[PDB]
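Chains as they are written, first to last, in the numbering used here: chain F, 16 to 173; chain R, 16 to 173; chain A, 16 to 173; chain C, 16 to 173; chain H, 16 to 173; chain W, 16 to 173; chain E, 16 to 173.
Don't be surprised by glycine CBs; every beta carbon is placed ideally from N, CA and C.
Reviewing the structure listed below.
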Ligand code: HEM
Ligand code: HEM
Ligand code: HEM
Ligand code: HEM
Ligand SMILES: [Fe+3]
Ligand SMILES: [Fe+3]
Ligand SMILES: [Fe+3]
Ligand SMILES: [Fe+3]
Ligand SMILES: [Fe+3]
Ligand SMILES: [Fe+3]
Ligand SMILES: [Fe+3]
Ligand SMILES: [Fe+3]
Ligand SMILES: [Fe+3]
Ligand SMILES: [Fe+3]
Ligand SMILES: [Fe+3]
Ligand SMILES: [Fe+3]
Ligand SMILES: [Fe+3]
Ligand SMILES: [Fe+3]
């Protein structure tokens, strides 16, 4: 079904966001794993998979809309060589993505692409979940100090 | 069954106590949850529910006694913006409630409202449980430091 | 995540609505129970619990949004000393709440707080359920007369 | 298999009858449901589905007979704004349908379309079931009064 | 609960759309079945049932909104005497329905009938599913030719 | 129980029809099987068995009616050396049988042998099933071509 | 454990190969899915996941070797707007990857990085599997024609 060009563009933009998150989240995860921070690996890993699913949703939607998914262009990744830096990177990435989503959502509404709008709101709902988690962890680092915090990541959370 | 006016008054007073505890305990719980202190959330939550049950007991008793439950008037809540402050608030709230209970109990005895008396003693038994827990937790914060204590609240206690 | 001030205000307003419903619905329930109207007790009770859940959703959202939940200020409760009066009170309360919701929803949309918007729409969906139920019951009182209607409430609906 | 034109015509006529019943029965059902008359909703609903099945039988038979099912032309629906009026409408609708069936059956016999005849007799058997139920219900309203009758429709019949 | 007149009108319009789809989808299904195209029968049948459910949702909503469902007026059906023609008819019907939905949705938003809006978006979500399916099938007819395509419909898809 | 002579005669005539169908259907089946057309073998086989059952019904009825079943006289079989020819043979055979049935049925009615009549109508119901299937298959051969059609007969239809 | 720089470089190169395959394979998959070619979707999807796993193996190895995984730089993707073109693209991609692997393997051997060598040989073993499948499929398109081939991709292979 032919979709709005501007909409399809937003979709690809959003898809681009996910593609970046996938890679960042995944690398961070294995870095945590490499460092022996199992708890953190599990989390990041999971979040990474969620972005993979969000991306799949985007790709399928664009395709349905008879558009062309853009997986070629990859945005800048901001790794970080320490736990807090990494969490702060993700956070920043998430905040930006949310920013784009809200813009895209408002647009879909005006062009009456309600099915795309709803999809994005669902994804936004998820993103805000990643946001909360990341902020809460960052706050804990500060509250209990890094050494205790890291001690808390060595074992998998049952 | 027509009950003693003075008794029904004590009941409503006690009910008022519970109504305040419900809200305080519940807010504190979600605040802990928001902060990532699962263990603390679970506890506060549970205690909050206990208050809700106590209140139900009160409401039903007053109604049986052909009185009028008072849910309109809500006492002052003392939140607190930090773990210890919050626990200290609850503690203070609990101590006061107990104080009222003892007064109410002694009164019910004199007016021969033994069934109300026994109910209140049961509830008192519970409250003192809340008291012990609270004191114990406050003592622990002091004993191991806040950073270790907080670190201990992150995971739910299986 | 820092949220829109105006939004957080609406949230607390809505939370205030629920807090009132919780108390009204709960008292009415036990009043019905006291009167031997099991069917009615079960219903009101259930509805009361739903408002408790709606309130929890509000509290957590405000907290996430780095705002301050308001459980201190309690609106006016309108009890009623008879079945129909009570149902009419609830109805009125529900209608007002819905009115506020629609206002809040429209606002969240404009400020692009889509996740809050969606939450509220879900809650609205529920509220309208309470509305339908209450109207339908009120219509039946009139249609079969009070004596038959009350006869219909003595036993729990399987 | 090429069928008798006149027969196929009767079939479509009968199909038309069913199409009307489907809509009437279904609307009445939801109206009852809307009014809180569960027992009545269940019944009407069920009857509505039966009509849908009858229609399917008709459609398939006409098609087999290499004819053209007529779903375009919809007869007059007679709703009714009250329980008895609605039941009386259905009754009237059913009586007419039966009238047509008998005519169609007698005709199929003469043209030797025995397989169509038998099908219709089966359907007739069903319709007369709808008839009995309807009459019985109308008689009951009269016998116990509308208020008692309505009171009896609130709960689903286990 | 009294609803917006204009909204109720859109609802009935949408209901009218479904009523047409029900009949078209159902007839096409049995036509496919008559032709020995099981796979196609199953699909159309299923889709037909979905429109029946969508219609039920509409009817109940209008009723709740204290409006009058319109099942009397039936739109034009466009059958088609061949597989592709039939699929193209459905497609066209679906596209139009979606067109109406988007209009209705945008309107409900402005009048603040958020619960109706959300319902419609859900239904729209479904409709677009029918759309995708129908386009994909039409594309396959062209890609593998009719004779192979029909060969592919004789057996039920497990 | 002594039955009408003329009726018993029709019965034997009908029995004769079945005896021919049994042999034709069975031979065709194994021919299909021999050719590797499993799907077709299964079908023909099944149909062949149905004829066998029909015959049993006839034999038992005639015997009950104190008549003499005629299994000695076997009508002309029309095999055919190709799929379509075979299906066309069966079709012709079925059409004739139906023709006889209708005649027999009408007769049983006049002589008041209602139990025989009903039996025959049941059997007729079955035969028309064989008819539909046969026509449908012949239509498909034409529609998709013989090569695609044959390709579709190789595997058993699960 | 500090690893050979040149080795780590090969690893990242190989990782880069996988990153490209992930995206290409995944997009192709959903494109097939969008087109209704389930069988093809399942395959591509699976292959896409394999690439994801291979990449994970690479990332973890580089990290262990105290190197820096490179997920930022994404090679050129060659989509293709038709089934054969897509399969040919993948094939080409796979052939190149294998080419790099063999080079990397031979190198690891000389530098005595046997554990990396073995890992790569395992991955190579997998890739050659992807290769065979691809060639086989391309050969089949040619052998049976595209129309028959496509017809064979519609249903998932149980
Ligand atoms: C601060 C406002 C309140 C909040 C946020 C709240 C919240 C809750 C929640 C979330 C539940 C669990 C619901 C479920 O999962 O099914 C619950 C249960 C309950 N609440 Fe409340 N509540 C509040 C006030 C009250 C009041 C005033 C009463 C009246 C005494 C009350 C009585 C109850 C009862 C009887 C239960 C059921 C516990 C059980 O299952 O045994 N609540 N509440
Ligand atoms: C007034 C319009 C109609 C409405 C509102 C309606 C509604 C429904 C609903 C809600 C169901 C149950 C679906 C489920 O839960 O899976 C159903 C089933 C069904 N309907 Fe309809 N329908 C309508 C018209 C028709 C027509 C015209 C036909 C064609 C004869 C038809 C044929 C069927 C059939 C065959 C079933 C399946 C029953 C079974 O499971 O055996 N309906 N309908
Ligand atoms: C042309 C000669 C016939 C052949 C080659 C034939 C073949 C068969 C075969 C292979 C079976 C399945 C046996 C099994 O696997 O259990 C069967 C079943 C049967 N046959 Fe025949 N048959 C013939 C004639 C007849 C006749 C003349 C009758 C009498 C009416 C008859 C009545 C039956 C019955 C009642 C069954 C059991 C059906 C069931 O499974 O419920 N057959 N036949
Ligand atoms: C083109 C971008 C990508 C897409 C669209 C994508 C998509 C997916 C999807 C949909 C799943 C299944 C999720 C589930 O159902 O739970 C998955 C699994 C997975 N992905 Fe990705 N992915 C992409 C890139 C990557 C990358 C770069 C990596 C890093 C090497 C990766 C690693 C994984 C892993 C390890 C799994 C789990 C497989 C298992 O369960 O064993 N993915 N992917
Ligand atoms: Fe995401
Ligand atoms: Fe995210
Ligand atoms: Fe208490
Ligand atoms: Fe307490
Ligand atoms: Fe609520
Ligand atoms: Fe409510
Ligand atoms: Fe009927
Ligand atoms: Fe009927
Ligand atoms: Fe629909
Ligand atoms: Fe549709
Ligand atoms: Fe037979
Ligand atoms: Fe036969
Ligand atoms: Fe690989
Ligand atoms: Fe590969």
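- Assigned exposure category for residue 48/R - 16 Cβ within 10 Å defines buried: Here the question's residue 48/R lines up with position 33 in the second chain. Residue 48/R comes out buried.
- Whole-number beta carbon distance between residue 130/H and residue 90/H, since they are thought to touch under 8 Å: For the purposes of this step, residue 90/H is identified with residue 75 of the fifth chain, where counting begins at 1. For the purposes of this step, residue 130/H is identified with residue 115 of the fifth chain, where counting begins at 1. Contact flag wrong, Cβ pair sits at about 26 Å.
- Message: So, under 8 Å CB-CB, residue 1/C and residue 149/C are touching, yes? Tell me the CB distance rounded to an integer number of Å.
- Response: This structure cannot speak to residue 1/C, because chain C is shown only from 16 to 173.
- Message: Does the beta-carbon of residue 105/W, which I'm using as the reference point, lie nearer than 7 Å to any heavy atom of ligand 3?
- Response: Against the sixth chain, residue 105/W aligns to sequence position 90. Checking the Cβ of residue 105/W against ligand 3 gives no.
- State yes or no: is the C-beta of residue 145/C nearer than 7 Å to some heavy atom of ligand 12? Start at 1 with the first residue of the fourth chain, and residue 145/C comes out as number 130. Answer for residue 145/C: yes, Cβ within range of ligand 12.
- Task: Run down chain W in chain order and give the residues with a C-beta less than 8 Å from the C-beta of residue 133/C.
- Result: By one-based count along the fourth chain, residue 133/C stands at place 118. Near residue 133/C (Cβ distances below 8 Å), the residues of chain W are 136 and 140.
- Terminal residues of the alpha helix (DSSP H) in which residue 142/C lies: Taking the first residue of the fourth chain as 1, we reach residue 142/C at position 127. Here the alpha helix (DSSP H) through residue 142/C covers 129-159.
- Per the contact definition of three or more C-beta pairs closer than 8 Å, is the segment 63-76 of chain R in contact with the segment 129-146 of chain R? yes
- Item | Within chain C, the residues that residue 150/W reaches when beta carbons sit closer than 8 Å | Residue 150/W sits at position 135 when you count from the first residue of the sixth chain. Per Cβ cutoff of 8 Å: 16.
- Item | Inter-residue CB distance, residue 39/R and residue 105/R (contact presumed, cutoff 8 Å) | Translated into positions along the second chain, residue 39/R becomes position 24. Translated into positions along the second chain, residue 105/R becomes position 90. Indeed they touch by this definition, with Cβ atoms about 7 Å apart.
- Message: Taking 8 Å as the threshold (C-beta atoms), are residue 17/H and residue 126/H in contact?
- Response: In the fifth chain, residue 126/H corresponds to position 111, counting from 1. In the fifth chain, residue 17/H corresponds to position 2, counting from 1. No. Outside cutoff.
- Item | residue 170/C, enclosing alpha helix (DSSP H) - first and last residue | Counting from one through the fourth chain, the residue named residue 170/C turns up at place 155. First-last for residue 170/C: undefined, no H or E at that position.
- For the alpha helix (DSSP H) that residue 56/C lies in, which residues bound it at each end? On the fourth chain, residue 56/C is found 41 positions in, with the first residue counted as 1. Taken as a continuous stretch (DSSP letters only), the alpha helix (DSSP H) holding residue 56/C covers 53-79.
- Query: Below 8 Å between beta carbons: does that hold for residue 66/W and residue 44/W?
  - Reply: The sequence position of residue 66/W within the sixth chain is 51, counting from 1. The sequence position of residue 44/W within the sixth chain is 29, counting from 1. In this structure, residue 44/W does not lie closer than 8 Å to residue 66/W by Cβ.
- Say yes only if the C-beta of residue 66/R is nearer than 7 Å to one or more non-hydrogen atoms of ligand 7, and no if none qualify. Sequence index remark: in the second chain, residue 66/R carries index 51 (1-based). Indeed, a heavy atom of ligand 7 lies less than 7 Å from the Cβ.
- Beta-carbon proximity list for residue 33/E, same chain, < 6 Å, skipping 5 on both sides: Locating residue 33/E in the seventh chain gives position 18, where the first residue counts as 1. Cβ neighbours of residue 33/E beyond the five flanking positions: 66, 69 and 70.
- Message: Counting only C-beta atoms, is residue 56/H closer than 8 Å to chain E at any point?
- Response: Sequence index remark: in the fifth chain, residue 56/H carries index 41 (1-based). No, residue 56/H lies away from the interface with chain E (no Cβ there is under 8 Å from its Cβ).
- Query: Should residue 101/A be labelled buried (16 or more other beta-carbon atoms within 10 Å of its own) or exposed?
  - Reply: Taking the first residue of the third chain as 1, we reach residue 101/A at position 86. Result: buried.
- Could you tell me whether any non-hydrogen atom of ligand 15 is closer than 7 Å to the CB of residue 1/W? The shown model of chain W, from 16 to 173, leaves out residue 1/W, and the question about it has no answer.
- Who are the Cβ neighbours of residue 41/W in its own chain at under 6 Å, not counting the five residues just before and after it? Locating residue 41/W in the sixth chain gives position 26, where the first residue counts as 1. So the qualifying residues of the chain are 63.
- Query: Who are the neighbours of residue 41/A on chain F, taking C-beta pairs under 7 Å?
  - Reply: Translated into positions along the third chain, residue 41/A becomes position 26. Those within 7 Å of residue 41/A in chain F number zero; the least Cβ separation is about 31 Å.
- Task: Below 7 Å between beta carbons is the criterion; list the residues of the segment 85-99 of chain R that meet it against any residue of chain A, in chain order.
- Result: 86, 87, 89 and 92
- Could you work out which residue in 51/W, 97/W, 119/W and 27/W is closest to residue 81/W when comparing CA atoms only? One-based indexing of the sixth chain puts residue 81/W at position 66. Of the listed residues, the one whose Cα sits closest to residue 81/W is 27/W.
- Query: How about residue 168/C and residue 30/C: are their beta carbons less than 8 Å apart?
  - Reply: Here residue 168/C refers to the residue found at position 153 when the fourth chain is read from its first residue. Here residue 30/C refers to the residue found at position 15 when the fourth chain is read from its first residue. No, the pair does not count as a contact, with Cβ atoms beyond the cut-off.
- Item | Run of the alpha helix (DSSP H) containing residue 87/R, from where it starts to where it stops | The count along the second chain starts at 1 and reaches residue 87/R at position 72. Per DSSP, residue 87/R belongs to no alpha helix (DSSP H) and is neither H nor E.
- Query: Closer than 7 Å: is that where the CB of residue 137/W sits relative to any heavy atom of ligand 16?
  - Reply: Sequence index remark: in the sixth chain, residue 137/W carries index 122 (1-based). Result no, Cβ not under 7 Å from ligand 16.
- Query: Would you say residue 129/H reaches chain A, if we count a Cβ-Cβ gap shorter than 8 Å as a contact?
  - Reply: For the purposes of this step, residue 129/H is identified with residue 114 of the fifth chain, where counting begins at 1. Yes - at least one Cβ of chain A is within 8 Å of the one on residue 129/H.
- Message: Rounded to whole angstroms, what is the Cα-Cα separation between residue 121/E and residue 24/E?
- Response: Along the seventh chain, one-based indexing puts residue 121/E at 106. Along the seventh chain, one-based indexing puts residue 24/E at 9. Their backbone Cα atoms lie some 14 Å apart in a straight line.
- Look up residue 19/H in the DSSP assignment and say whether it is helix, strand or coil. Here residue 19/H refers to the residue found at position 4 of the fifth chain. Coil, per DSSP.
- Message: Would residue 169/C pass as an interface residue toward chain A - the criterion being a Cβ-Cβ separation below 8 Å?
- Response: In the fourth chain, counting from the first residue as 1, residue 169/C sits at position 154. Yes, residue 169/C lies at the interface with chain A (some Cβ there is under 8 Å from its Cβ).
- Query: By Cβ distance below 8 Å, which residues in the same chain neighbour residue 103/W in space, the five residues on each side in sequence not counted?
  - Reply: Numbered from its first residue, the sixth chain carries residue 103/W at position 88. For residue 103/W, where only same-chain residues beyond five positions count, the Cβ hits under 8 Å are 95 and 153.
- Message: Could you check whether the Cβ of residue 37/W sits closer than 7 Å to any heavy atom belonging to ligand 3?
- Response: Reading the sixth chain from its first residue, position 22 is the one you call residue 37/W. Checking the Cβ of residue 37/W against ligand 3 gives yes.
- Check the Cβ-Cβ distances between residue 143/H and every residue of chain F, and say whether any is below 8 Å. Residue numbering aside, residue 143/H sits at position 128 when the fifth chain is read from its first letter. Taking Cβ atoms only, chain F reaches closer than 8 Å to residue 143/H, which makes this a yes.
- Limits of the unbroken alpha helix (DSSP H) element including residue 120/C: Counting from one through the fourth chain, the residue named residue 120/C turns up at place 105. Counting along the chain, the alpha helix (DSSP H) containing residue 120/C begins and ends at 98-125.
- Query: For residue 136/R, which residues of its own chain have a beta-carbon under 7 Å away from its beta-carbon, when the five flanking residues on both sides are left out?
  - Reply: In the second chain, the residue the question calls residue 136/R occupies position 121. Cβ within range, chain order: 120.
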